[PDB]
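Just so you know, the sequences run in chain order A and A'. A prime marks a further copy of an entry chain. Positions in the first sequence are counted from 1; adding 1 to them yields the deposited numbering. Positions in the second sequence are counted from 1; adding 1 to them yields the deposited numbering.
Number of protein chains: 2
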Amino acid sequence: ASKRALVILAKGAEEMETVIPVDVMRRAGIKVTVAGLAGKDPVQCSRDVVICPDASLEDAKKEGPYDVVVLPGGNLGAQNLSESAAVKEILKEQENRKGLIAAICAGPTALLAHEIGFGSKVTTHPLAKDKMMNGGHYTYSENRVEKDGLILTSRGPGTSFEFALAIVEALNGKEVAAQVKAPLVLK
Amino acid sequence: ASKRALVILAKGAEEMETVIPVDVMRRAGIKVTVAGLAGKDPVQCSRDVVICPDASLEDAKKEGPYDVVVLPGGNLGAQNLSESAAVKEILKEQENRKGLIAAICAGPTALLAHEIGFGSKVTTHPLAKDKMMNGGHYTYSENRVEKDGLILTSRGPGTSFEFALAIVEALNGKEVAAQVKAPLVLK
Ligand SMILES: *[C@@]1(=O)C(=O)[N]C2=C(C(=O)O[C])[C]=[C][C]=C21
Ligand SMILES: *[C@@]1(=O)C(=O)[N]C2=C(C(=O)O[C])[C]=[C][C]=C21
Ligand SMILES: [Cl-]
Ligand SMILES: [Cl-]
Numbered sequence: 002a003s004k005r006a007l008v009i010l011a012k013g014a015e016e017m018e019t020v021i022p023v024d025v026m027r028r029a030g031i032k033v034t035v036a037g038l039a040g041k042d043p044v045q046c047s048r049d050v051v052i053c054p055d056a057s058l059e060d061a062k063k064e065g066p067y068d069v070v071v072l073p074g075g076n077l078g079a080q081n082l083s084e085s086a087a088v089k090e091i092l093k094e095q096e097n098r099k100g101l102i103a104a105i106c107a108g109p110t111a112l113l114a115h116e117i118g119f120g121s122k123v124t125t126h127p128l129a130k131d132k133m134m135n136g137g138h139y140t141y142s143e144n145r146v147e148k149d150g151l152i153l154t155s156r157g158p159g160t161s162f163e164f165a166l167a168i169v170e171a172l173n174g175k176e177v178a179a180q181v182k183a184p185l186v187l188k
Numbered sequence: 002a003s004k005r006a007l008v009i010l011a012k013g014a015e016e017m018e019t020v021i022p023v024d025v026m027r028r029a030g031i032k033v034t035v036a037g038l039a040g041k042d043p044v045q046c047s048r049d050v051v052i053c054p055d056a057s058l059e060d061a062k063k064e065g066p067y068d069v070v071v072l073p074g075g076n077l078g079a080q081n082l083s084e085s086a087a088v089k090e091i092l093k094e095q096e097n098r099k100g101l102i103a104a105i106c107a108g109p110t111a112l113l114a115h116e117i118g119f120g121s122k123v124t125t126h127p128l129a130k131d132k133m134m135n136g137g138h139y140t141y142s143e144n145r146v147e148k149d150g151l152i153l154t155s156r157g158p159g160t161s162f163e164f165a166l167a168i169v170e171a172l173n174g175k176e177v178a179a180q181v182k183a184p185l186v187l188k
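In structure tokens:
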């Protein structure tokens with residue numbers, strides 16, 4: 002039974018933070034569903050790359066649950082994730098079932114908006130720290146990837162490979178992550 | 002006058018190697034055109050990410066020339082680039098005008114196919130070395146990014162940020178590359 006990942010893709014998502022985890026997770030044999038927040042139509046990312054989702058979120062929700070729910074960053078993408086009742090319900094269900102929740106850059110701020118994972122150690126992009134920390138509901142970390150309880154976070158486009166490989170390690174183990182990593186020519 | 006980049010997007014392109022340079026170049030204020038080899042329709046990349054190009058290559062060619070032509074990798078994408086008469090004409094024109102040509106992973110093998118930049122020092126993905134070196138028409142390098150004459154090459158998904166930033170440095174200078182790099186949270 003392959004592990005399954007839900008990647009929620011909103012207008013304004015950071016395309017690197019979307020594509021790097023999708024691709025690396027697929028390299029790891031994870032079944033990844035790129036689900037469009039708004040519907041089935043193509044999504045204009047933060048730097049104007051347009052990505053066609055595999056499915057609407059509405060439809061993807063019905064094939065749940067997933068081994069990981071992944072929230073890319075991009076400030077405007079994260080804001081859209083933060084405003085979504087659908088995302089709230091998906092994250093609450095994932096938390097209740099003790100499933101992995103992964104978020105990068107400003108993505109973790111959607112966890113705050115939806116009251117997910119309070120008390121966890123988290124990281125964010127440096128410029129998203131104050132937003133994430135409003136209320137002191139999390140403990141802040143400067144690690145490039147952080148993992149506490151159910152919650153796996155990371156900092157930016159430049160930590161996206163590390164974030165992706167951490168998700169792979171969590172789901173498929175250290176040996177698979179190492180196998181996937183070698184051909185990428187990471188430093 | 003902003004610099005302009007042509008990124009040629011074929012079926013089977015490595016989506017990370019496409020998106021990372023597009024995004025980082027746009028961060029640098031470069032006007033980037035993602036041009037579909039096959040036409041205007043969406044492109045299924047190597048790990049099934051589907052990207053909608055900005056324009057067909059046919060149409061983008063008419064708005065040339067560009068400060069850089071960028072060839073992503075992905076083995077099947079590179080093979081498609083290698084087989085294309087349109088790509089041949091674009092690279093020959095770019096070489097003749099002494100413009101930058103950039104290619105990553107197996108992307109440089111399209112330079113071989115089209116007889117571009119012979120005698121240059123180049124790198125590739127390690128698994129694409131023998132193909133690139135058939136005939137000894139280039140000198141091989143293990144540098145993560147290499148630049149000789151007109152030709153800027155790089156090795157893999159994991160060198161895509163370095164490749165992109167090198168393109169930025171070539172076009173817009175070292176200070177802009179440094180400015181663009183800082184918010185990415187690269188190691
Ligand atoms: C990142 O992709 C994101 O989600 N936010 C972000 C910032 C920013 O200003 O966050 C508040 C800067 C650079 C990368 C990202
Ligand atoms: C890379 O994205 C590419 O273009 N080729 C490639 C290989 C490969 O087998 O090249 C022959 C392996 C890993 C990454 C890439
Ligand atoms: Cl952003
Ligand atoms: Cl490939």
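Beta carbons are placed, not taken as given, at the ideal position from N, Cα and C, and that holds for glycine.
- request: Look at the Cβ atom of A:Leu166, then the Cβ atom of A:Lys182, and state whether they are nearer than 8 Å.
  value: Your numbering for residue 166 of chain A matches position 165 in the first sequence. Your numbering for residue 182 of chain A matches position 181 in the first sequence. A contact, by the Cβ cut-off of 8 Å.
- request: Compare the Cα-Cα distances from A':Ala103 to each of A':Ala86, A':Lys122, A':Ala87 and report the closest residue.
  value: By one-based count along the second sequence, residue 103 of chain A' stands at place 102. With distances taken between Cα atoms, A':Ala103 lies closest to A':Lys122.
query: How would you write the range of the alpha helix (DSSP H) that A':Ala29 sits in, first residue to last?
result: Along the second sequence, one-based indexing puts residue 29 of chain A' at 28. Note, A':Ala29: premise wrong, no alpha helix (DSSP H); not H, not E.
- prompt: Buried or exposed: which applies to A':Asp131, given that a residue is buried once 16 or more other Cβ atoms fall within 10 Å of its Cβ?
  reply: Walking along the second sequence from the start, residue 131 of chain A' turns up at place 130. Burial call: exposed.
- request: For my contact list, A':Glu96 and A':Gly118 are in at a C-beta cut-off of 8 Å; report their separation, rounded to the angstrom.
  value: Counting from 1 along the second sequence, the entry for residue 96 of chain A' is found at position 95. Counting from 1 along the second sequence, the entry for residue 118 of chain A' is found at position 117. The C-beta separation of A':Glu96 from A':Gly118 comes to about 7 Å, placing the pair in contact by the 8 Å criterion.
query: Between the beta-carbon of A':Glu18 and the beta-carbon of A':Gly65, is there less than 8 Å?
result: Numbered from 1 along the second sequence, position 17 holds the residue referred to as residue 18 of chain A'. Numbered from 1 along the second sequence, position 64 holds the residue referred to as residue 65 of chain A'. No, Cβ-Cβ distance for A':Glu18 and A':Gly65 is not below 8 Å.
task: Round the Cβ separation of A:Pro22 and A:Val8 to the nearest angstrom and send it over; I've been treating them as touching at under 8 Å.
output: Walking along the first sequence from the start, residue 22 of chain A turns up at place 21. Walking along the first sequence from the start, residue 8 of chain A turns up at place 7. Between A:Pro22 and A:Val8, the beta carbon gap of about 7 Å places them in contact (Cβ cut-off 8 Å).
query: Three-state secondary structure (DSSP) at A':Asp68?
result: Residue 68 of chain A' sits at position 67 when you count from the first residue of the second sequence. Looking at A':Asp68 - three-state DSSP - the assignment turns out to be coil, as it is neither helix nor strand.
message: So A':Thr125 and A':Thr110 are supposed to be a Cβ contact under 8 Å. How far apart are they, rounded?
response: As a first step, residue 125 of chain A' must be located in the second sequence, where it is residue number 124. As a first step, residue 110 of chain A' must be located in the second sequence, where it is residue number 109. That pair is a contact at about 7 Å.
Three-state secondary structure assigned by DSSP to A:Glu116: The sequence position of residue 116 of chain A within the first sequence is 115, counting from 1. The three-state reading of DSSP puts A:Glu116 in coil, since its state is none of H, G, I, E or B.
- request: With 8 Å as the threshold, decide whether the Cβ of A':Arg48 is near any Cβ in chain A.
  value: Counted from its first residue, the second sequence places residue 48 of chain A' at position 47. Interface criterion met: the Cβ of A':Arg48 is under 8 Å from a Cβ in chain A.
message: Does chain A' have any CB closer than 8 Å to the CB of A:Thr34?
response: Position 33 of the first sequence, counted from the first residue, corresponds to residue 34 of chain A. Chain A' contact via Cβ: absent.
task: May I ask which residues mark the beginning and end of the beta strand (DSSP E) holding A':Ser155?
output: Counted from its first residue, the second sequence places residue 155 of chain A' at position 154. Where A':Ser155 is concerned, the enclosing beta strand (DSSP E) starts and stops at 152-155.
query: Thinking just about the alpha-carbon of each residue, which of A':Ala14, A':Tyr67, A':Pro158, A':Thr154 is nearest to the one in A':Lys93?
result: On the second sequence, residue 93 of chain A' is found 92 positions in, with the first residue counted as 1. For A':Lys93, the closest C-alpha among the options A':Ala14, A':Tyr67, A':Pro158, A':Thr154 is that of A':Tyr67.
message: Tell me the DSSP secondary structure of A:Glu143 in three-state form.
response: On the first sequence, position 142 is the one that residue 143 of chain A refers to. Here DSSP, grouped into helix, strand and coil, assigns A:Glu143 to coil.
- prompt: Taking three-plus beta-carbon pairs below 8 Å as touching, is the region 24-37 of chain A in contact with the region 76-88 of chain A?
  reply: The region 76-88 of chain A and the region 24-37 of chain A do not touch, with fewer than three beta-carbon pairs separated by less than 8 Å.
- prompt: If you draw a straight line from the alpha carbon of A':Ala87 to that of A:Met134, how long is it in whole angstroms?
  reply: The sequence position of residue 87 of chain A' within the second sequence is 86, counting from 1. The sequence position of residue 134 of chain A within the first sequence is 133, counting from 1. Rounded to the nearest whole angstrom, the CA to CA distance from A':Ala87 to A:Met134 is 52 Å.
message: Let me check understanding here. Comparing Cα to Cα, which of A':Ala36, A':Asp60, A':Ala179 lies closest to A:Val51?
response: Locating residue 51 of chain A in the first sequence gives position 50, where the first residue counts as 1. By alpha-carbon distance to A:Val51, the top candidate from A':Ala36, A':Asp60, A':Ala179 is A':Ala36.
query: For the region 6-21 of chain A, which residues have a beta carbon sitting closer than 9 Å to at least one beta carbon of chain A'?
result: From the region 6-21 of chain A, only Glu15, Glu16, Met17, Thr19, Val20, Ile21 have a Cβ closer than 9 Å to chain A'.
- prompt: What separation, rounded to the nearest whole angstrom, lies between the Cα atoms of A':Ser155 and A':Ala107?
  reply: Against the second sequence, residue 155 of chain A' aligns to sequence position 154. Against the second sequence, residue 107 of chain A' aligns to sequence position 106. The alpha-carbon atoms of A':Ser155 and A':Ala107 are separated by roughly 9 Å.
field: Contacts of A:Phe162 in chain A' (Cβ-Cβ under 7 Å)
entry: Numbered from its first residue, the first sequence carries residue 162 of chain A at position 161. Ordered by position in chain A', the residues that pass the 7 Å Cβ test against A:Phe162 are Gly159.
query: When DSSP labels each residue in this structure, what does A:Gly37 get in the three-state scheme?
result: The residue given as residue 37 of chain A occupies position 36 in the first sequence. In this structure, A:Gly37 counts as strand in the three-state DSSP scheme.
Pair within 8 Å by beta-carbon distance, A:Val186 and A:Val177: Here residue 186 of chain A refers to the residue found at position 185 when the first sequence is read from its first residue. Here residue 177 of chain A refers to the residue found at position 176 when the first sequence is read from its first residue. No.
query: From A:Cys46 to A:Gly78, what distance separates their C-alpha atoms?
result: The residue labelled residue 46 of chain A in the question sits at position 45 within the first sequence. The residue labelled residue 78 of chain A in the question sits at position 77 within the first sequence. The alpha-carbon of A:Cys46 is positioned some 8 Å away from that of A:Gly78.
query: Is A:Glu15 near ligand 3, going by C-beta to nearest heavy atom under 7 Å?
result: Here residue 15 of chain A corresponds to residue number 14 of the first sequence, with the count starting at 1. Result yes, Cβ under 7 Å from ligand 3.
- request: Please indicate yes or no: does the CB of A':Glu18 lie closer than 7 Å to some heavy atom of ligand 2?
  value: As a position in the second sequence, residue 18 of chain A' is number 17, starting the count at 1. True, at least one ligand heavy atom lies under 7 Å from that Cβ.
query: Roughly how many whole angstroms lie between the Cα atoms of residue 208 of chain A and A':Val20?
result: There is simply no residue 208 of chain A to check, as chain A begins at 2 and stops at 188 in what is shown.
- prompt: How about A:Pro54 and A:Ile105: do their beta carbons lie closer than 8 Å?
  reply: Position 53 of the first sequence, counted from the start, is the residue given in the question as residue 54 of chain A. Position 104 of the first sequence, counted from the start, is the residue given in the question as residue 105 of chain A. No. Outside cutoff.
Chain-order list of residues whose beta-carbon lies under 7 Å from that of residue 1 of chain A (same chain, five-residue window excluded): For residue 1 of chain A there is no data in the structure shown, the boundaries of chain A being 2 and 188.
- prompt: Who does A':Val8 pair with in a DSSP beta bridge?
  reply: The count along the second sequence starts at 1 and reaches residue 8 of chain A' at position 7. Looking at the DSSP output, A':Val8 shares a beta bridge with A':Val35, A':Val71.
- prompt: Taking only beta-carbon atoms, is A:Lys188 less than 8 Å away from chain A'?
  reply: The residue given as residue 188 of chain A occupies position 187 in the first sequence. Interface residue, yes.
message: Suppose you measure from the CA of A:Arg48 to the CA of A':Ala129; what does that come to, to the nearest Å?
response: In the first sequence, counting from the first residue as 1, residue 48 of chain A sits at position 47. In the second sequence, counting from the first residue as 1, residue 129 of chain A' sits at position 128. For A:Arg48 and A':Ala129, the distance between alpha carbons rounds to 30 Å.
message: For A:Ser142 and A:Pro127, I'd like the C-alpha separation in whole angstroms.
response: To locate residue 142 of chain A, count along the first sequence from 1; it is residue 141. To locate residue 127 of chain A, count along the first sequence from 1; it is residue 126. Answer to the nearest angstrom: the Cα atoms are 10 Å apart.
- prompt: In angstroms, rounded to a whole number, what distance separates the CA positions of A:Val25 and A:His115?
  reply: For the purposes of this step, residue 25 of chain A is identified with residue 24 of the first sequence, where counting begins at 1. For the purposes of this step, residue 115 of chain A is identified with residue 114 of the first sequence, where counting begins at 1. Looking at the two C-alpha atoms, the distance is approximately 27 Å.
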